[PDB]
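Chemist: What follows is a single structure, and I will ask about it in a moment.
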Amino acid sequence: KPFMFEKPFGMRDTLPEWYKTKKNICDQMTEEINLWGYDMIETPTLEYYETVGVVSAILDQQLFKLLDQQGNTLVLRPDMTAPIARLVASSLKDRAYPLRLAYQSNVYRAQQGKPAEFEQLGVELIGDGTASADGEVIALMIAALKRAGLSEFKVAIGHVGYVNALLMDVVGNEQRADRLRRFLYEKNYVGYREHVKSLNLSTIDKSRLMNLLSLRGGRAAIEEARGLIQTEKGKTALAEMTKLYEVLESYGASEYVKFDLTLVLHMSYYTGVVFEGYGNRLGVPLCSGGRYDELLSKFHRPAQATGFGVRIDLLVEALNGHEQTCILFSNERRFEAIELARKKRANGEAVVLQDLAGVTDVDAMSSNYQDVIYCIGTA
Amino acid sequence: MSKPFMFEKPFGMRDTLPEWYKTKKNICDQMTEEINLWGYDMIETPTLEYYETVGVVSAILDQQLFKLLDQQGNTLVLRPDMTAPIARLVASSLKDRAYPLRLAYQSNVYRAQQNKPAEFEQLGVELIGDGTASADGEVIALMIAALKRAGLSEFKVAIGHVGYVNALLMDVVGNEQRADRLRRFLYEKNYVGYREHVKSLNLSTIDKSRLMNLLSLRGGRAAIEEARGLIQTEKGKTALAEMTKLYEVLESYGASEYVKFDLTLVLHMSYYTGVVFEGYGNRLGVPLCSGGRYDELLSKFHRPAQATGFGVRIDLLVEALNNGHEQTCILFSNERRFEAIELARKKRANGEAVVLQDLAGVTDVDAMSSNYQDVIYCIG
């Protein structure tokens with residue numbers, strides 16, 4: 001039997017000071033998000049595993065699974081994108097597109113000391129397939145992060161359509177293509193090069209595959225990328241990339257981004273632009289997003305969709321106490337003190353109204369408050 | 001077993017659509033703002049607690065707990081309430097913060113899926129380590145001020161006392177088991193059964209009348225006076241004294257108009273130890289909120305303290321109190337994209353919510369442009 005103080009593995013408390021810090025950060029971001037016309041929603045803590053859980057971008061082994069009392073397998077929601085897809089296909093079909101939805105919700109991972117619960121904040125833009133839409137979600141993410149106080153960070157932008165078009169044209173085969181994509185997904189670039197060299201391909205085609213690794217940067221990277229693939233799918237992806245970069249320039253967010261066409265966030269979940277953001281002082285992405293045009297179809301309501309999610313705990317970490325007044329009073333002066341407090345609260349000042357008879361150690365307490373007012377004893 | 005259909009949600013779960021979300025948010029933000037003005041600090045605790053520790057000491061009945069097994073075979077609960085998790089927090093993480101502590105929360109809590117929602121948002125406070133009438137009055141006065149700031153009007157907070165009930169019942173039936181049987185009728189608000197049971201008991205004529213007259217102790221400040229005649233034990237006189245001083249404190253807060261007394265009130269068979277209360281809107285129905293003293297909980301976490309507080313059921317409050325796209329929409333084409341972005345950039349700077357929409361991305365522009373308060377075209 002656990003001691004009274006024990007919490008299940010991966011569970012964490014949020015103490016007062018950390019709560020205020022996190023609340024201010026999130027409030028800044030949701031305020032920005034509302035200015036761009038997104039409406040906040042909520043979904044249930046629990047979803048079915050066999051519907052929502054399996055279509056989530058989170059890998060099966062990372063899902064928090066449980067049995068309910070009737071033997072169904074549920075998940076504590078791994079993400080907000082699939083629940084939102086379910087919500088949209090269910091109760092928002094009468095609402096025409098494009099839909100702009102937002103969330104700030106706890107999500108969950110299988111217990112493993114990595115956190116099994118953490119707050120995630122983000123948006124989904126559904127029913128708009130344009131590059132203007134891809135640009136909008138990235139620019140909003142950038143704007144929200146800045147408004148949160150994160151001044152140094154970098155968003156890397158990849159493209160599933162570009163990668164597929166190049167890989168398929170070179171190796172002509174989905175199995176061969178996935179083998180290559182697997183190295184990119186694991187960020188095993190050395191492994192990728194060696195694998196390319198082992199393939200039954202002309203050296204010219206090997207160079208095309210090798211040159212994918214050099215497609216990092218801005219306008220000059222796009223130009224280099226044009227040289228590797230000129231099929232129709234390649235051209236479409238390339239046009240989307242060109243338009244997106246221009247849109248981001250128009251938003252004034254170009255300096256925060258770079259293309260990296262080696263970026264693979266998932267082996268199959270995303271269908272177009274994908275992106276990941278990092279803070280200057282942690283080799284872990286604190287945010288990510290992308291276009292996922294096949295998800296809504298799975299809920300019987302086909303639509304293009306794109307969005308982003310930000311990990312709040314990682315953001316708070318990448319970024320980085322009683323400003324209250326206490327009125328201490330004796331019983332005989334209760335009204336006097338109640339009126340003092342009422343007055344100051346009416347003025348926006350936080351006030352703890354404290355009966356002297358309810359505190360054992362007065363000094364220990366006066367040191368937990370910015371200022372102390374005494375209404376003690378006899379008037 | 002076959003897979004659920006794609007639209008199916010686990011039993012007792014509910015989505016929160018955009019309009020309901022905004023309404024609930026405004027309400028909660030008003031309450032949390034008042035709460036902060038009284039010196040309470042918001043915290044959060046995990047979604048999962050151990051059953052054998054927090055689960056069991058919760059005020060929520062065992063049959064109502066949402067239990068699950070972890071992958072180690074341990075039983076966890078989805079948190080049934082915030083009071084027991086806050087007690088855990090207080091005795092551990094915050095053990096070196098001296099009493100009294102004033103903590104607050106706005107959190108989803110969970111109930112076992114029973115053929116009612118199994119997940120719902122609750123907001124409230126705990127004031128721990130202050131046993132004064134000042135503290136009793138404070139949490140009730142804060143609740144009233146928060147309810148008011150959220151827009152609730154003409155409501156009532158009914159105040160009972162566990163000590164009064166227990167002293168009277170005991171003094172008459174003299175047996176813990178006999179007293180329980182009576183308390184159960186009150187807990188289930190079954191006066192009919194209660195009257196029937198009292199007349200069945202082997203009691204004198206004055207004693208049946210005492211038990212009987214308890215049911216009448218429901219009204220204004222006067223009710224406490226009539227309560228004095230039913231029991232004169234020390235424990236009974238003490239409970240009555242706490243209620244009288246409590247009323248005096250509420251008067252000082254100018255909260256008196258909102259309070260009434262219901263000495264039949266039993267919120268729980270054992271959990272509450274003293275003053276108890278519940279709030280009702282002017283249309284009655286189910287209580288929107290409730291609270292009271294729970295002076296033995298912190299001891300179970302090895303940091304004994306007196307404690308009180310309240311909780312508010314947010315969904316019930318939203319109901320008791322009562323679409324549209326306020327947003328502006330700028331529709332643009334390629335050639336005027338820079339213009340539209342700057343236009344939107346400018347409006348957003350003045351707190352104007354703007355949807356900036358590439359016309360190439362809209363399937364039905366008439367419907368869209370119809371559903372936003374204002375529409376600007378940067379086309380051409």
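Residues are named by chain letter and number: chains run A, B, ... in the order of the structure tokens, numbers start at 1 in each chain, and ligands are numbered from 1 in the order shown.
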What residues in chain B have any atom no more than 7 Å from chain A when counting only C-alpha atoms, and can you write them as a PyMOL selection string?
Modeler: chain B and resi 3-4+6-7+9-10+13-18+21+36-39+41-46+48-50+52-53+68-69+88+92+98-100+130-132+134+252-253+301+327+338+341+348+351-355+358+360-362
Chemist: Report as a ChimeraX atom specification: the residues of range 221-326 of chain B with a DSSP assignment of strand (DSSP E or B), based on the backbone of this structure.
Modeler: /B:259-262,275-280,289-292,307-313
Chemist: How about saving the chosen residues, N, CA and C atoms kept, as a compact mmCIF listing (two decimals), in the first residue's frame?
Modeler:
# COMPACT_ATOMS: atom_id res chain seq x y z
N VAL B 259 -28.38 34.23 3.50
CA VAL B 259 -28.27 33.01 4.27
C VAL B 259 -29.58 32.62 4.94
N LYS B 260 -29.80 31.32 5.07
CA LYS B 260 -30.88 30.81 5.89
C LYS B 260 -30.38 29.56 6.60
N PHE B 261 -31.17 29.03 7.52
CA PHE B 261 -30.73 27.88 8.30
C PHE B 261 -31.56 26.65 8.01
N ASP B 262 -30.88 25.52 7.85
CA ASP B 262 -31.56 24.24 7.67
C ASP B 262 -30.86 23.19 8.51
N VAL B 275 -20.03 22.83 10.83
CA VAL B 275 -20.80 23.69 9.94
C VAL B 275 -20.82 23.10 8.54
N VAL B 276 -22.02 23.01 7.96
CA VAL B 276 -22.20 22.58 6.58
C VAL B 276 -23.16 23.54 5.89
N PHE B 277 -23.02 23.67 4.58
CA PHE B 277 -23.87 24.57 3.81
C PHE B 277 -24.02 24.14 2.36
N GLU B 278 -25.08 24.62 1.73
CA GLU B 278 -25.26 24.41 0.31
C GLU B 278 -26.01 25.58 -0.30
N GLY B 279 -25.71 25.88 -1.56
CA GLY B 279 -26.29 27.03 -2.23
C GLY B 279 -27.26 26.61 -3.30
N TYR B 280 -28.35 27.36 -3.42
CA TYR B 280 -29.40 27.13 -4.41
C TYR B 280 -29.67 28.42 -5.17
N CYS B 289 -23.88 24.46 -5.26
CA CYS B 289 -22.63 24.46 -4.52
C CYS B 289 -22.83 24.00 -3.09
N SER B 290 -21.73 23.69 -2.42
CA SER B 290 -21.80 23.18 -1.06
C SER B 290 -20.43 23.23 -0.42
N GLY B 291 -20.39 23.18 0.91
CA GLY B 291 -19.12 23.17 1.61
C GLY B 291 -19.30 22.94 3.09
N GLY B 292 -18.23 23.12 3.84
CA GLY B 292 -18.29 22.99 5.28
C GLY B 292 -17.01 22.43 5.87
N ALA B 307 -10.16 22.36 8.91
CA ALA B 307 -10.25 22.77 7.51
C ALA B 307 -11.69 22.98 7.10
N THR B 308 -11.91 23.97 6.24
CA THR B 308 -13.22 24.15 5.64
C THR B 308 -13.04 24.61 4.20
N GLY B 309 -14.15 24.84 3.50
CA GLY B 309 -14.07 25.29 2.12
C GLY B 309 -15.39 25.08 1.41
N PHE B 310 -15.39 25.27 0.09
CA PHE B 310 -16.59 25.04 -0.70
C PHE B 310 -16.22 24.58 -2.11
N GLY B 311 -17.20 23.97 -2.77
CA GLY B 311 -17.08 23.60 -4.17
C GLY B 311 -18.32 24.07 -4.92
N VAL B 312 -18.13 24.47 -6.18
CA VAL B 312 -19.22 24.90 -7.05
C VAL B 312 -19.26 24.01 -8.29
N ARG B 313 -20.43 23.46 -8.60
CA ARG B 313 -20.65 22.70 -9.84
C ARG B 313 -20.90 23.65 -10.99
Chemist: Can you pull out every residue within 9 Å of range 140-156 of chain A, counting only C-alpha atoms, but drop anything in the same chain fewer than 6 positions away, and send it as a PyMOL selection string?
Modeler: chain A and resi 24-33+36+122-123+216+253+255-261+263+274-281+287-288+308-310+315+318-319
Chemist: Can you write just those residues out, N, CA, C and O atoms, as a compact mmCIF listing (two decimals), in the first residue's frame?
Modeler:
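Okay, result-v9.txt is ready:
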# COMPACT_ATOMS: atom_id res chain seq x y z
N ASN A 24 -0.23 32.73 -16.70
CA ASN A 24 0.07 33.94 -17.47
C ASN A 24 0.55 33.64 -18.89
O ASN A 24 0.13 34.27 -19.86
N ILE A 25 1.47 32.69 -19.00
CA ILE A 25 1.95 32.24 -20.29
C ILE A 25 0.80 31.79 -21.18
O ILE A 25 0.66 32.28 -22.29
N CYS A 26 -0.04 30.88 -20.68
CA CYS A 26 -1.15 30.36 -21.49
C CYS A 26 -2.18 31.43 -21.84
O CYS A 26 -2.74 31.43 -22.94
N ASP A 27 -2.44 32.35 -20.91
CA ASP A 27 -3.41 33.42 -21.14
C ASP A 27 -2.95 34.35 -22.27
O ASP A 27 -3.77 34.79 -23.10
N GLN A 28 -1.66 34.66 -22.30
CA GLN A 28 -1.08 35.43 -23.39
C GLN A 28 -1.29 34.76 -24.74
O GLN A 28 -1.61 35.43 -25.72
N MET A 29 -1.10 33.44 -24.79
CA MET A 29 -1.25 32.70 -26.04
C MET A 29 -2.71 32.56 -26.48
O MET A 29 -3.02 32.73 -27.66
N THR A 30 -3.60 32.27 -25.54
CA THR A 30 -5.01 32.15 -25.91
C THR A 30 -5.61 33.50 -26.31
O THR A 30 -6.51 33.56 -27.15
N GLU A 31 -5.09 34.58 -25.75
CA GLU A 31 -5.52 35.91 -26.16
C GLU A 31 -5.12 36.18 -27.62
O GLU A 31 -5.89 36.73 -28.40
N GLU A 32 -3.90 35.80 -27.98
CA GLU A 32 -3.45 35.97 -29.36
C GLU A 32 -4.33 35.14 -30.29
O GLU A 32 -4.84 35.63 -31.28
N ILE A 33 -4.52 33.87 -29.92
CA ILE A 33 -5.33 32.92 -30.67
C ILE A 33 -6.77 33.40 -30.90
O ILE A 33 -7.31 33.28 -32.00
N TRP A 36 -7.07 35.92 -33.68
CA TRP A 36 -7.03 35.37 -35.04
C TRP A 36 -8.31 34.61 -35.39
O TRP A 36 -8.38 33.92 -36.42
N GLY A 122 -3.18 24.70 -28.46
CA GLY A 122 -3.04 24.72 -29.91
C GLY A 122 -4.30 25.04 -30.69
O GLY A 122 -5.29 25.49 -30.12
N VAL A 123 -4.27 24.81 -32.00
CA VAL A 123 -5.38 25.16 -32.85
C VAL A 123 -5.48 24.14 -33.96
O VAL A 123 -4.52 23.42 -34.24
N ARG A 216 18.16 22.57 -46.63
CA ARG A 216 17.93 23.29 -45.38
C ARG A 216 18.23 24.77 -45.61
O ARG A 216 19.31 25.12 -46.11
N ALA A 253 7.30 36.90 -40.42
CA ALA A 253 7.80 35.83 -39.56
C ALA A 253 8.92 35.02 -40.20
O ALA A 253 9.34 33.99 -39.67
N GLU A 255 12.10 35.45 -40.38
CA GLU A 255 13.34 35.26 -39.61
C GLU A 255 13.24 34.13 -38.58
O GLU A 255 14.27 33.67 -38.07
N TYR A 256 12.03 33.67 -38.28
CA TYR A 256 11.83 32.59 -37.30
C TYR A 256 11.83 31.18 -37.89
O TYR A 256 11.81 30.19 -37.15
N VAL A 257 11.86 31.09 -39.22
CA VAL A 257 11.69 29.81 -39.88
C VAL A 257 12.86 29.45 -40.82
O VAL A 257 13.69 30.29 -41.21
N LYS A 258 12.91 28.18 -41.16
CA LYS A 258 13.81 27.69 -42.19
C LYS A 258 13.19 26.41 -42.70
O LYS A 258 12.44 25.75 -41.98
N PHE A 259 13.46 26.09 -43.96
CA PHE A 259 13.02 24.81 -44.47
C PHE A 259 14.06 23.80 -44.02
O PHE A 259 15.23 24.13 -43.88
N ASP A 260 13.60 22.57 -43.77
CA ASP A 260 14.47 21.41 -43.62
C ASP A 260 13.68 20.24 -44.17
O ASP A 260 12.83 19.66 -43.49
N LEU A 261 13.92 19.91 -45.44
CA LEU A 261 13.11 18.93 -46.13
C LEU A 261 13.39 17.50 -45.67
O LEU A 261 12.73 16.57 -46.12
N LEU A 263 12.87 16.77 -42.60
CA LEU A 263 11.96 16.65 -41.46
C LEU A 263 10.82 15.69 -41.73
O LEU A 263 10.01 15.89 -42.64
N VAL A 274 4.84 20.17 -42.76
CA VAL A 274 5.01 19.76 -41.36
C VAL A 274 6.04 20.70 -40.76
O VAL A 274 6.87 21.25 -41.47
N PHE A 275 5.98 20.90 -39.44
CA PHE A 275 6.92 21.80 -38.82
C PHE A 275 7.12 21.50 -37.35
O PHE A 275 6.27 20.90 -36.69
N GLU A 276 8.25 21.96 -36.85
CA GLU A 276 8.64 21.70 -35.48
C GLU A 276 9.39 22.92 -34.99
O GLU A 276 10.22 23.46 -35.72
N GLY A 277 9.13 23.34 -33.75
CA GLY A 277 9.79 24.51 -33.20
C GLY A 277 10.65 24.16 -32.00
O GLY A 277 10.23 23.36 -31.15
N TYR A 278 11.84 24.76 -31.90
CA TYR A 278 12.71 24.56 -30.74
C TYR A 278 13.13 25.87 -30.07
O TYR A 278 13.37 26.88 -30.74
N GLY A 279 13.25 25.84 -28.75
CA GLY A 279 13.80 26.97 -28.00
C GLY A 279 15.31 26.92 -28.07
O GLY A 279 15.89 25.86 -28.31
N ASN A 280 15.97 28.06 -27.87
CA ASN A 280 17.41 28.14 -28.08
C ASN A 280 18.20 27.25 -27.13
O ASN A 280 19.36 26.92 -27.39
N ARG A 281 17.58 26.85 -26.03
CA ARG A 281 18.28 26.11 -25.00
C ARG A 281 17.63 24.78 -24.64
O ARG A 281 17.41 24.49 -23.46
N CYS A 287 7.13 22.54 -29.73
CA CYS A 287 5.88 22.67 -30.47
C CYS A 287 6.00 21.97 -31.80
O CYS A 287 7.11 21.72 -32.28
N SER A 288 4.86 21.63 -32.40
CA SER A 288 4.89 21.04 -33.74
C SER A 288 3.52 21.11 -34.37
O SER A 288 2.53 21.42 -33.70
N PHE A 308 -1.49 23.31 -35.09
CA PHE A 308 -0.26 23.15 -34.31
C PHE A 308 -0.62 22.87 -32.85
O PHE A 308 -1.74 23.15 -32.42
N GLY A 309 0.34 22.33 -32.11
CA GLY A 309 0.20 22.13 -30.68
C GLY A 309 1.49 22.59 -29.99
O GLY A 309 2.58 22.40 -30.53
N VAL A 310 1.37 23.19 -28.81
CA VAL A 310 2.53 23.65 -28.04
C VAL A 310 2.54 22.94 -26.69
O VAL A 310 1.54 22.94 -25.98
N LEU A 315 7.44 24.64 -22.64
CA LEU A 315 7.55 26.08 -22.89
C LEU A 315 7.94 26.82 -21.60
O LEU A 315 8.86 27.64 -21.60
N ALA A 318 11.53 26.29 -21.00
CA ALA A 318 12.39 27.02 -21.94
C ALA A 318 12.43 28.51 -21.63
O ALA A 318 13.38 29.20 -21.97
N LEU A 319 11.38 29.00 -20.97
CA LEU A 319 11.25 30.41 -20.69
C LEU A 319 12.05 30.82 -19.45
O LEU A 319 12.95 31.67 -19.53
Chemist: Could you please write out, as a PyMOL selection string, every residue of range 69-315 of chain B that DSSP assigns to helix (DSSP H, G or I)?
Modeler: chain B and resi 83-91+133-149+162-173+176-187+191-200+205-214+223-228+234-252+256-258+297-300+314-315
Chemist: Okay, now the selection with C-alpha atoms, as a short mmCIF file (atom, residue, chain, number, x, y, z; two decimals), in the first residue's frame?
Modeler:
data_model
loop_
_atom_site.label_atom_id
_atom_site.label_comp_id
_atom_site.auth_asym_id
_atom_site.auth_seq_id
_atom_site.Cartn_x
_atom_site.Cartn_y
_atom_site.Cartn_z
CA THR B 83 -10.21 18.45 -1.40
CA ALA B 84 -8.42 15.14 -0.80
CA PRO B 85 -5.77 15.88 -3.45
CA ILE B 86 -5.27 19.30 -1.86
CA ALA B 87 -4.90 17.64 1.55
CA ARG B 88 -2.19 15.40 0.08
CA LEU B 89 -0.48 18.42 -1.46
CA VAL B 90 -0.61 20.33 1.82
CA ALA B 91 0.92 17.51 3.89
CA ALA B 133 -15.77 31.52 13.30
CA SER B 134 -13.94 34.11 11.17
CA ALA B 135 -12.85 31.31 8.84
CA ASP B 136 -16.33 29.70 8.76
CA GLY B 137 -17.84 33.06 7.75
CA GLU B 138 -15.05 33.81 5.28
CA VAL B 139 -15.58 30.79 3.01
CA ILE B 140 -19.35 31.34 2.93
CA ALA B 141 -18.99 35.09 2.33
CA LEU B 142 -16.46 34.44 -0.44
CA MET B 143 -18.78 31.91 -2.09
CA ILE B 144 -21.59 34.46 -1.99
CA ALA B 145 -19.36 37.20 -3.40
CA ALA B 146 -18.10 34.90 -6.17
CA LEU B 147 -21.62 33.74 -7.08
CA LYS B 148 -22.68 37.41 -7.26
CA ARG B 149 -19.73 38.38 -9.44
CA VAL B 162 -23.21 18.26 11.99
CA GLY B 163 -22.60 18.86 15.70
CA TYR B 164 -26.15 19.97 16.38
CA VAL B 165 -27.67 16.97 14.56
CA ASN B 166 -25.34 14.45 16.22
CA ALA B 167 -25.80 15.87 19.74
CA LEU B 168 -29.59 15.79 19.46
CA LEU B 169 -29.83 12.34 17.89
CA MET B 170 -27.41 10.80 20.42
CA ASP B 171 -28.92 12.45 23.45
CA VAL B 172 -32.25 10.89 22.49
CA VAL B 173 -31.43 7.42 21.14
CA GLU B 176 -24.53 5.07 17.57
CA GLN B 177 -26.47 2.56 15.48
CA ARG B 178 -29.86 4.02 16.36
CA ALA B 179 -28.51 7.50 15.61
CA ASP B 180 -27.12 6.38 12.23
CA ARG B 181 -30.55 5.06 11.21
CA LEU B 182 -32.08 8.48 11.88
CA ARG B 183 -29.21 10.38 10.20
CA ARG B 184 -29.70 8.27 7.07
CA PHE B 185 -33.29 9.51 6.71
CA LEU B 186 -32.02 13.11 6.90
CA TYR B 187 -29.16 12.42 4.51
CA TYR B 191 -38.85 13.18 6.23
CA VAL B 192 -41.76 10.83 5.59
CA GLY B 193 -39.63 7.81 6.45
CA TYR B 194 -38.04 9.76 9.28
CA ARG B 195 -41.38 10.57 10.94
CA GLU B 196 -42.54 6.98 10.49
CA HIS B 197 -39.33 5.64 12.02
CA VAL B 198 -39.46 7.94 15.04
CA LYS B 199 -43.00 6.83 15.87
CA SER B 200 -41.88 3.19 15.62
CA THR B 205 -43.51 11.32 24.40
CA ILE B 206 -41.19 14.29 24.96
CA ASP B 207 -38.35 12.51 23.15
CA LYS B 208 -40.36 11.67 20.04
CA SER B 209 -41.33 15.36 19.95
CA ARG B 210 -37.71 16.47 20.15
CA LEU B 211 -36.65 14.27 17.23
CA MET B 212 -39.80 15.40 15.43
CA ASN B 213 -39.23 19.12 15.95
CA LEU B 214 -35.76 18.90 14.37
CA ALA B 223 -34.61 28.93 13.67
CA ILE B 224 -31.50 28.82 15.86
CA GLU B 225 -33.55 30.04 18.81
CA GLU B 226 -36.16 27.29 18.41
CA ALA B 227 -33.22 24.89 18.10
CA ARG B 228 -32.07 25.75 21.63
CA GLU B 234 -22.66 20.93 26.10
CA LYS B 235 -22.05 19.61 22.57
CA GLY B 236 -25.47 20.88 21.50
CA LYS B 237 -25.01 24.29 23.10
CA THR B 238 -21.56 24.59 21.49
CA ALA B 239 -22.86 23.83 17.98
CA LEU B 240 -25.65 26.37 18.43
CA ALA B 241 -23.05 28.92 19.59
CA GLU B 242 -20.98 28.40 16.47
CA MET B 243 -24.03 28.99 14.32
CA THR B 244 -24.89 32.20 16.16
CA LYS B 245 -21.37 33.60 15.93
CA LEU B 246 -21.27 32.47 12.28
CA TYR B 247 -24.40 34.50 11.55
CA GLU B 248 -22.83 37.52 13.26
CA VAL B 249 -19.72 37.21 11.08
CA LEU B 250 -21.86 36.99 7.93
CA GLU B 251 -23.70 40.14 9.03
CA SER B 252 -20.37 41.94 9.23
CA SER B 256 -26.85 38.08 5.80
CA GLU B 257 -29.64 38.55 3.26
CA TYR B 258 -28.33 35.48 1.41
CA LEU B 297 -9.12 14.74 6.83
CA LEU B 298 -5.69 16.37 7.17
CA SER B 299 -4.89 13.96 10.02
CA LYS B 300 -5.18 11.08 7.55
CA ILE B 314 -19.93 24.82 -12.90
CA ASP B 315 -22.32 23.13 -15.30
#
Chemist: Give me, please, the distance in Å between CA of residue 111 in chain B and CA of residue 294 in chain B, quoted to one decimal.
Modeler: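 Separation between CA of residue 111 in chain B and CA of residue 294 in chain B: 21.0 Å.
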Chemist: Counting only C-alpha atoms, which residue out of A:340, A:327, A:267, A:177 sits closest to residue 371 in chain A?
Modeler: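 Of the candidates, the smallest distance to residue 371 in chain A is held by A:327.
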Chemist: Could you pull the residues within 12 Å of range 225-241 of chain A, counting only C-alpha atoms, minus those fewer than 5 positions along the same chain, as number ranges by chain?
Modeler: A: 129-135, 157-170, 204-220, 246-248, 258-262, 271-274, 291
Chemist: CA of residue 330 in chain B to CA of residue 302 in chain A: how many Å, to one decimal?
Modeler: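 That distance, rounded to one decimal, is 25.5 Å.
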Chemist: Within 8 Å of residue 60 in chain B, counting only C-alpha atoms, which residues show up once you throw out same-chain ones fewer than 4 positions away? Write them as a VMD selection string, please.
Modeler: chain B and resid 64 to 65 80 to 81
